[PDB]
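Chemist: Residue numbers (the entry's author numbering), protein chains in the order written: chain G, 91 to 304; chain H, 91 to 182, 186 to 203, 214 to 305; chain D, 91 to 265, 268 to 306; chain C, 91 to 305; chain A, 91 to 307; chain B, 93 to 202, 212 to 305; chain F, 91 to 303; chain E, 91 to 202, 204 to 306.
Every residue, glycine too, gets a C-beta built ideally from N, C-alpha and C.
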């Protein structure tokens with residue numbers, strides 16, 4: 091049976107991916123197969139161990155982190171942007187890093203063991219002293235809380251397109267380049283032979299391709 | 091001088107709350123005191139111990155989970171409602190026994216005695232439920248305020264239910280070892296002002 | 091020969107299955123293999139781990155509660171029915187859902203399920219107005235403690251038959269909930285001839301049983 | 091007043107005392123105090139430590155299992171007897187001590203239990219020997235599982251009566267002294283005076299008196 | 091040449107064995123081997139993990155506690171006995187099963203143990219209800235703290251003869267059979283070929299032969 | 093007074109043999125229903141006290157918590173010993189000669214780069230009570246509390262050495278859980294202990 | 091009086107502050123208050139948790155790392171200069187832009203640390219790159235080890251001047267903004283008033299101005 | 091393939107060992123293998139376990155503090171000496187046990204209980220400490236002993252590194268001289284990693300150039 095089993099699958103992803111990726115995927119299988127269930131989950135600190143053993147069936151995440159001890163398929167690429175509130179005023183006209191420094195910034199959890207202290211010593215040792223005034227858990231909350239303030243942030247670009255209708259966002263000429271990145275999904279080794287996980291992976295890669303047509 | 095302070099506070103709350111509540115505190119204070127920063131964490135560890143040791147500042151859950159020797163307060167009341175998408179056929186009976194698709198949230202990390220049903224999806228927090236439900240024709244239950252928030256963005260439609268509504272109590276708690284700290288007091292006053300300015304407006 | 095041995099098996103199972111099912115195996119074996127020993131353990135903890143390490147021989151449980159980490163086999167199917175005391179003078183009628191809920195409830199608590207707080211929120215506003223007035227450890231105390239009172243409970247049907255000649259109970263049609273009992277074993281023991289010997293006998297008696305109840 | 095309240099109590103007891111004692115109290119109170127709830131919790135290896143943490147109201151055990159740090163109150167005395175299946179045809183006659191300790195035993199276990207080696211080390215210190223062929227959790231399952239086999243057990247006398255219409259048993263004569271223990275209830279020592287707690291105590295010590303009066 | 095070594099051995103053993111057995115072995119290896127050094131270790135609850143992990147050189151226990159996961163060798167047999175203070179007047183004669191069960195008992199805890207809830211339920215279901223008045227850590231304190239009180243205890247017989255001069259004790263006649271156990275020494279399996287592990291374990295096996303002849307006579 | 097409570101005390105092998113055997117006899121004639129359980133020390137006594145898992149712990153003052161009530165029992169002196177058969181200790185120890193000698197040591201509660218010394222340790226036992234019977238018959242030396250030397254004066258004879266360095270003494274205390282301060286059972290027992298401590302310093 | 095006490099204070103400070111700053115205090119208090127003793131403790135990822143447990147008297151740190159929930163003081167200022175070895179040529183005053191951003195850096199780690207992967211995400215959050223080749227525990231080692239090499243580092247300016255006599259180094263005018271921060275000392279809040287606390291605070295404020303001029 | 095790698099090695103060592111040794115290692119490798127990176131972790135916790143879990147590659151500390159069950163190799167030998175500031179007065183001639191036992195001492199602390208320290212001291216040691224300053228490591232001892240009447244104990248080689256800046260006065264204690272052996276340990280499941288074998292060979296080399304030239 092290709093896609094009509096009662097097999098629950100366990101996925102580990104970020105809120106950005108769920109709201110830009112799996113939403114389509116759930117709609118495909120919604121009409122096509124009402125037999126499969128899922129259980130989205132959040133990112134721990136040792137996701138691999140969960141993969142060393144089994145439990146979860148996938149880990150969608152930026153690749154720079156994924157290790158080489160397990161399968162790894164490629165999905166799509168995304169870039170980052172420095173956004174800010176339209177109502178802000180000092181942001182009309184490209185500005186120096188000086189302003190970037192002074193202006194306050196928002197940021198995301200990116201994990202669990204934040205230990206906010208260490209990051210500064212680093213960036214400051216490279217020549218940047220940013221003042222983080224608001225830390226939140228994830229990306230999806232950056233757009234709603236920023237609007238109405240004199241603060242700026244760095245988020246993936248696909249996000250600002252999602253909120254164009256509801257939250258007017260202002261793409262900003264950053265004083266420095268905007269390295270981008272690729273997204274991947276990895277299946278626990280010792281299970282590349284399962285019947286169906288392959289079908290799932292296919293579903294995913296497929297949508298990714300579809301999604302790259304823009 | 092509270093307007094010119096640089097305290098950073100650590101608050102544990104839920105997405106729902108952040109969007110429909112602390113957002114308001116964030117904005118005001120943004121103009122009435124720019125020097126103050128925040129850090130919003132999610133519910134993981136049994137909160138008790140964090141409190142017992144002073145590892146956080148505040149804590150915004152419904153009154154149930156909250157308990158102990160630690161000081162508490164009160165905010166607002168919340169209605170629980172059951173919804174679907176505007177594109178379902180059957181939603182226009187207990188025979189249906191809500192035997193359709195149910196999407197749930199999952200608080201915390203890690214029985215048909217009365218009855219059991221079908222659970223299509225399982226999402227960490229309440230916020231995603233509305234989007235991901237999309238037009239799947241599955242059903243779920245969320246706070247009425249979250250329903251009210253997506254009115255001009257995500258048109259859903261509230262269902263009835265044979266079973267009466269439930270309502271619960273949002274409130275803020277803090278470490279008992281912190282009850283007498285100028286910082287802490289200044290903050291909980293401001294949360295209580297916005298909670299009260301809310302109920303009075305409707 | 092495993093039939094003339096001294097082995098000691100360790101089984102995790104509920105008080106229901108010990109009384110209704112595992113009695114027979116003990117008898118047969120007492121005369122057929124008088125050298126074997128047992129320890130019956132209470133269902134009081136995530137078993138997955140004890141299986142993983144293989145410190146137990148079998149786990150007998152409802153099928154829906156089992157993981158896919160380790161092999162399993164079907165035993166028989168069992169039905170949940172709702173009961174009341176035949177003295178309960180409000181049972182002569184129809185059960186408007188309303189009344190049902192308004193009525194008093196006795197419940198089985200297998201394990202150590204957190205603190206009421208969550209438990210209360212675990213009602214997750216599913217509609218749960220069930221007023222739980224008595225919570226007991228297994229299933230087997232429910233008949234003798236609900237007898238003589240105006241309370242109702244949901245228990246498996248063969249347990250009602252077991253007490254037919256000492257505790258009369260009245261089956262009620264709540265405004268079918270069925271499941272499959274099963275036996276699971278650690279993966280490392282799948283070809284241990286002792287497991288094969290034992291798991292075969294179990295499967296036989298199950299068949300006898302479901303032979304009659306049909 | 092307590093009898094007209096919505097109070098919920100949490101008691102720790104064995105399956106023997108739930109069946110043979112707390113049943114008449116659940117029944118009486120279902121009528122006389124229809125708002126009072128109950129949660130019965132199982133017994134473990136260190137039961138008094140839950141007392142200390144503070145979540146439970148009472149704890150019902152034999153007497154010899156209690157330290158004296160917490161308050162208590164007696165209930166009734168209870169005798170253990172040695173029973174076998176009447177079909178088994180060796181229990182008739184007299185059991186030389188050697189014959190008794192050479193027979194298969196069914197034994198009850200409250201808590202996680204212990205390794206077989208350690209059981210053997212303990213029985214050795216007193217001249218005994220390990221012939222335990224079946225270990226079950228609690229006292230109530232034993233009479234069902236002794237039936238139709240050649241094994242023997244030691245259970246409370248009051249539980250023999252319970253089963254006497256469905257499961258008749260042979261009371262045996264072993265040249266060992268009689269074992270008896272007194273049952274009792276205890277409650278947390280650093281608890282502030284509550285009149286609901288004093289009410290529930292009174293109901294237990296009254297049911298205890300009926301049981302003693304009629305044996 | 092292993093007598094001229096500068097090595098440290100780690101041994102896991104009870105205080106009873108450290109006194110009746112290992113005092114002799116340390117004495118000689120003070121003349122015949124003046125470079126060796128020992129660390130005596132208390133007994134935990136899973137002494138076996140320490141073997142696998144290779145952190146200790148030997149483990150000495152009664153064998154009914156030992157596994158198949160590591161090589162082992164036998165040392166000697168040892169008898170259990172029942173004792174009491176000579177002052178106690180009730181002890182004159184042969185104790186009845188009633189009177190044995192109706193006196194105060196002293197007991198040692200070998201591992202960490204548990205509330206005797208376990209032990210008591212186990213023993214009541216065999217027809218003994220004993221009353222344990224004092225629980226100590228290890229056999230060696232029993233004879234000092236038994237002395238003076240009108241209590242009894244079950245200790246190994248070589249401990250009785252050790253304190254035979256310092257602390258007088260009376261041997262009672264239990265109304266039930268009593269038995270003997272076998273002491274053994276066990277070692278890691280990554281070391282069945284280590285030279286020092288072989289040298290030391292012949293010393294232990296020689297000393298244990300002495301002991302079944304100093305006791306035979 | 094007389095009752096039937098079980099107390100749980102954490103103490104050393106030395107304090108049991110020297111100090112606690114008094115209490116036991118006294119109570120056997122004045123409270124024959126009291127019973128004890130003596131346990132050894134592992135670690136984090138603080139938690140076992142905060143949680144109320146034990147009744148008392150008996151040990152030197154330095155280790156005591158700062159968050160639970162205590163009381164002073166007595167003082168004890170550390171002294172250095174060797175065997176009488178050793179024939180290098182028939183004279184006063186030269187600091188060199190001592191420092192290059194074989195040492196029995198005691199390891200409590202289950212190291213450090215000492216700057217200024219070099220000690221050779223050839224025997225590590227758990228506790229103090231095995232040091233006398235094991236050193237007896239060899240040419241090693243150890244540091245043990247003085248009441249233990251006195252305890253074995255009649256069965257394990259030992260030579261006290263005029264150590265080259267100064268002598269230290271310590272005071273033995275008793276602590277009990279903050280939430281047990283009003284327990285009438287805890288109060289009756291801690292009084293009997295402080296009574297027997299005082300009868301020692303006077304009989305001396 | 092506290093200057094005749096036998097008191098013992100516990101200070102959490104970085105190795106840099108222990109040499110520039112607290113050396114002077116040690117000498118004066120060795121003479122003016124010969125009864126006093128100190129125990130110095132290393133820095134960490136979350137030092138404040140130690141104030142909260144409460145067996146430490148003081149914590150010295152840049153203010154920007156401070157939460158603001160404990161009483162604080164002020165001390166002096168410092169400027170982070172970029173450095174390099176006089177034995178390298180590229181640094182022919184040929185200051186450039188990205189080139190510097192593409193050279194070996196010796197970084198300092200106060201704490202357990204972050205996995206290399208994580209570091210990148212953060213630096214990428216801004217327009218930067220990770221080219222770390224050496225991670226050392228303190229700061230006081232970055233110089234002695236940079237010597238004889240061809241990499242660049244960022245260190246405190248008083249540190250450069252501590253070594254101008256022995257470890258030559260050439261400041262680099264990077265195109266990046268300047269960076270300065272304020273050093274501070276704080277003490278446990280939720281503490282009972284003690285004159286020894288007050289007295290120690292004074293000595294630190296005095297020595298902070300003597301070196302500021 | 092040859093020394094044109096990209097590898098990151100993780101080494102645990104004291105501050106003293108990173109100043110007197112790995113500097114050289116770094117220099118050499120910079121010129122001979124630009125592609126390798128380092129991370130000097132500091133000494134704390136239980137070194138092992140890291141090894142068992144295979145999280146570091148090396149562990150440099152004196153051989154006396156090293157376990158077995160992991161491969162080791164000898165680097166070189168070092169002697170501990172007693173030092174003071176030349177400004178001090180009493181620090182001349184010679185000191186009897188009394189004088190040494192009655193001065194201010196600076197001390198190095200590698201790792202992380205405050206009262207449990209003193210009791211381990213007074214045991215079998217007559218340890219009248221009078222510890223007046225405690226720093227985390229060694230390399231800070233010379234800068235903070237400059238200008239005090241106190242005495243310390245540091246490795247001789249460190250004294251020589253600090254000659255052109257901070258002078259000292261080696262003094263004869265009435266106590267025995269002390270020497271120890273520095274050494275390097277690698278995890279056991281890496282005993283045959285080509286990467287690890289390369290690196291431990293370079294180390295042993297500089298450790299003989301040091302012994303030979305600097306004797």
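Identify, in the order they occur along the chain, each residue of the same chain with its Cβ nearer than 8 Å to the Cβ of residue 235(F), setting aside the five sequence neighbours on each side.
Modeler: 196, 224, 226
Chemist: Where DSSP assigns a beta bridge to residue 195(B), which residues make up the other side?
Modeler: 222(B), 242(B)
Chemist: Just verifying my parser: in three-state terms, what is the DSSP assignment at residue 262(F)?
Modeler: Here residue 262(F) sits in strand by DSSP.
Chemist: With C-beta atoms as the reference, is residue 281(D) less than 8 Å away from residue 144(D)?
Modeler: Closer than 8 Å, so yes.
Chemist: If we count the other Cβ atoms within 10 Å of its Cβ and call it buried at 16 or more, is residue 279(B) buried or exposed?
Modeler: exposed
Chemist: Do you know offhand how far residue 277(C)'s Cα is from residue 271(B)'s?
Modeler: 42 Å
Chemist: Cα-Cα, which of 300(A), 244(A), 189(A) is closest to residue 219(A)?
Modeler: 189(A)
Chemist: Using C-beta distances below 6 Å, list every residue in its chain close to residue 286(G), excluding the 5 sequence neighbours before and after it, in chain order.
Modeler: none
Chemist: Just by C-beta distance, which residues in the region 238–255 of chain G are closer than 9 Å to chain H?
Modeler: 238, 239, 240, 241, 255
Chemist: Could you tell me the distance, in whole angstroms, from the CA atom of residue 103(B) to the CA atom of residue 193(E)?
Modeler: 36 Å
Chemist: Short of 7 Å in beta carbon distance, which residues of its chain neighbour residue 178(D), apart from the five on each side in sequence? Order them along the chain.
Modeler: 240
Chemist: Residue 258(D) to residue 174(D), Cα distance in whole Å?
Modeler: Near 9 Å, if we compare the C-alpha coordinates of residue 174(D) and residue 258(D).
Chemist: Helix, strand or coil, according to DSSP, for residue 163(H) in the structure here?
Modeler: coil
Chemist: With residue 139(A) as the anchor, note down where its alpha helix (DSSP H) starts and where it stops.
Modeler: 137–142
Chemist: Can you tell me whether residue 189(G) is helix, strand or coil according to DSSP?
Modeler: helix
Chemist: What's the C-alpha gap between residue 126(C) and residue 209(D)?
Modeler: 19 Å
Chemist: If we ignore side chains and look at the alpha-carbon of each, how far apart do residue 97(C) and residue 116(C) end up?
Modeler: 14 Å
Chemist: Check whether the Cβ atoms of residue 170(D) and residue 244(D) sit closer than 8 Å, and answer yes or no.
Modeler: A contact, by the Cβ cut-off of 8 Å.
Chemist: Contact check, residue 147(E) vs residue 101(E) under 8 Å by CB: the rounded distance?
Modeler: 7 Å
Chemist: For the region 147–167 of chain B, which residues have a CB atom closer than 7 Å to at least one CB atom of chain C, in sequence order?
Modeler: none
Chemist: Using a C-beta cutoff of 8 Å, does residue 233(G) count as contacting chain H?
Modeler: no
Chemist: Is the CB-CB distance between residue 153(F) and residue 298(F) below 8 Å?
Modeler: Using a Cβ distance threshold of 8 Å, residue 153(F) and residue 298(F) do not count as a contacting pair.
Chemist: Does any CB atom of chain H fall closer than 8 Å to the CB of residue 217(D)?
Modeler: yes
Chemist: Using Cβ-Cβ distances below 9 Å, what residues of the region 122–136 of chain A are close to chain B?
Modeler: 124, 125, 126, 127, 128, 129, 130, 131, 132
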